[PDB]
Each structure stands twice: as C-alpha cells, then as structure tokens.
Amino acid sequence: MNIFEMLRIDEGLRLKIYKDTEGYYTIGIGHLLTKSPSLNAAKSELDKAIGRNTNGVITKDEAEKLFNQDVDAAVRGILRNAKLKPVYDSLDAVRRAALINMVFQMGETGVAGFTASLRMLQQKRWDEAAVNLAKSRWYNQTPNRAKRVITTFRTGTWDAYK
Ligand SMILES: [Cl-]
Ligand SMILES: [Cl-]
C-alpha cells in the first residue's frame with residue numbers, strides 16, 4: 001500500500017463533476033474545483049485545470065494527472081510549512097502517509113491547526129494523539145475516513161486499509 005492507493009480508497013474516482021461531502025464541486029480523485037455554488041464556475045475551473053474544453057467530463061488519465069499534482073503539492077506544502085515539517089521529519093513511512101492524507105483533505109493550514117495532536121505525534125504518544133485527533137469537526141463529519149487515518153497513526157501499519 002502507499003499514499004496513492006490510500007487516497008484512491010478515501011476519495012474514490014469520479015470522472016464527472018460531483019459535489020463533495022461539503023457540497024463543493026470536485027472531480028477525479030478528490031480534486032476540488034471551487035467552493036462557488038455555480039456549476040459553470042466549476043466547469044470553467046475544470047477547463048483551466050485540464051487545458052481543454054471539457055464539458056465537465058474528464059478521462060481516467062486526466063484524473064490521474066490531477067491526482068499526481070495534488071499529492072506532490074501536498075508533500076511539498078508539508079515540507080515548506082514550519083509547523084508540519086518537523087512532524088513529518090520525525091515520523092516513520094506509514095505515518096508520513098497518514099499526515100499527507102490529512103493535508104490533502106483539509107489543507108495545510110487546516111492540519112497546522114491541530115497543535116496538540118502534532119505535538120503528540122512528534123512525541124510518539126500514539127494513543128494520546130489518536131484521542132485528541134478525534135475531538136474535531138473532521139472526525140465528526142467524516143468519521144469513517146477519520147477513523148482510518150487515526151488508526152494508521154496509532155498503529156503505524158496499513159491495517160485500516162486491507
Ligand atoms: Cl490545478
Ligand atoms: Cl467518512
């Protein structure tokens with residue numbers, strides 16, 4: 001298992017514009033297009049992201065290309081974030097993937113706001129971080145996915161995903 005497979009399970013793959021858990025227009029493997037309520041606005045963002053006139057539908061390859069850029073962007077965002085970097089540097093392979101999953105979902109600023117959990121992870125206090133992680137809007141709105149990520153930090157294995 002790896003980060004790509006992990007997020008492909010968490011996000012699914014949809015080749016037509018759809019609304020995510022929050023009601024925002026998205027496509028592919030969790031690629032957010034826009035927070036605007038306008039479909040045309042989404043379609044326009046989509047065309048600009050793909051580079052062709054899509055009419056709201058993309059191909060598998062096109063979805064995978066957005067996904068690659070999004071994963072790379074999340075890794076690079078962690079590495080540039082003064083708050084996230086040290087956490088990431090301190091973690092093992094599997095757990096690094098869990099951190100990337102969170103940033104991909106909520107963005108770096110969002111994850112950087114989990115001060116206590118970040119500190120707990122850095123300290124390798126797995127069970128404590130897991131409980132703290134669960135006291136969040138994140139966990140309350142998307143509990144099944146949250147539980148999978150939380151299990152991954154707690155255990156350091158991919159068990160939640162097999
Ligand atoms: Cl883009
Ligand atoms: Cl969920």
# chains A, B, ... in the order shown; residues from 1 in each chain; ligands from 1

call {"tool": "residues_near_ligand", "arguments": {"ligand": "ligand 2", "cutoff": "8 Å", "atoms": "only C-alpha atoms and all ligand atoms", "output": "list in words"}}
result
residues 141, 142, 143, 144, 145 and 146 of chain A

call {"tool": "residues_near_ligand", "arguments": {"ligand": "ligand 1", "cutoff": "8 Å", "atoms": "only C-alpha atoms and all ligand atoms", "output": "PyMOL selection string"}}
result
chain A and resi 48-50+66+69-70

call {"tool": "write_last_selection", "arguments": {"atoms": "C-alpha atoms", "output": "PDB file, in the first residue's frame"}}
result
ATOM      1  CA  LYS A  48      -8.438  25.732 -17.000  1.00  0.00           C
ATOM      2  CA  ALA A  49      -7.004  22.872 -14.899  1.00  0.00           C
ATOM      3  CA  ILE A  50      -7.073  20.321 -17.786  1.00  0.00           C
ATOM      4  CA  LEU A  66      -4.594  15.950 -11.339  1.00  0.00           C
ATOM      5  CA  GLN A  69      -0.076  17.039  -8.955  1.00  0.00           C
ATOM      6  CA  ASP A  70      -2.267  17.181  -5.873  1.00  0.00           C
TER       7      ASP A  70
END

call {"tool": "select_by_dssp", "arguments": {"residues": "chain A", "states": "strand (DSSP E or B)", "output": "PyMOL selection string"}}
result
chain A and resi 14-19+25-28+31-34+57

call {"tool": "write_last_selection", "arguments": {"atoms": "C-alpha atoms", "output": "short mmCIF file (atom, residue, chain, number, x, y, z; two decimals), in the first residue's frame"}}
result
data_model
loop_
_atom_site.label_atom_id
_atom_site.label_comp_id
_atom_site.auth_asym_id
_atom_site.auth_seq_id
_atom_site.Cartn_x
_atom_site.Cartn_y
_atom_site.Cartn_z
CA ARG A 14 -15.35 10.12 -10.47
CA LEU A 15 -14.96 11.27 -14.00
CA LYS A 16 -17.82 13.76 -13.97
CA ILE A 17 -18.14 16.90 -11.80
CA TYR A 18 -19.66 15.98 -8.47
CA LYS A 19 -20.26 17.52 -5.07
CA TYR A 25 -17.76 20.84 -6.86
CA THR A 26 -14.99 18.33 -7.30
CA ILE A 27 -13.83 15.81 -9.88
CA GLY A 28 -11.41 12.89 -10.23
CA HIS A 31 -9.76 17.27 -6.82
CA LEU A 32 -11.68 20.35 -5.51
CA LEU A 33 -12.60 22.69 -8.27
CA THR A 34 -14.22 25.55 -6.49
CA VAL A 57 -16.19 15.18 -18.03
#

call {"tool": "closest_residue", "arguments": {"among": "A:7, A:91, A:103, A:111", "to": "residue 73 (chain A)", "atoms": "only C-alpha atoms"}}
result
A:103

call {"tool": "atom_distance", "arguments": {"atom1": "CA of residue 77 (chain A)", "atom2": "CA of residue 64 (chain A)"}}
result
19.6 Å

call {"tool": "closest_residue", "arguments": {"among": "A:147, A:121, A:4, A:45", "to": "residue 92 (chain A)", "atoms": "only C-alpha atoms"}}
result
A:121

call {"tool": "closest_residue", "arguments": {"among": "A:43, A:148, A:162, A:8", "to": "residue 29 (chain A)", "atoms": "only C-alpha atoms"}}
result
A:8

call {"tool": "atom_distance", "arguments": {"atom1": "CA of residue 71 (chain A)", "atom2": "CA of residue 100 (chain A)"}}
result
7.8 Å

call {"tool": "select_by_dssp", "arguments": {"residues": "chain A", "states": "helix (DSSP H, G or I)", "output": "PyMOL selection string"}}
result
chain A and resi 3-11+39-50+60-80+85-90+93-112+115-122+126-134+137-141+143-155+159-161

call {"tool": "closest_residue", "arguments": {"among": "A:159, A:128, A:22, A:65", "to": "residue 51 (chain A)", "atoms": "only C-alpha atoms"}}
result
A:65
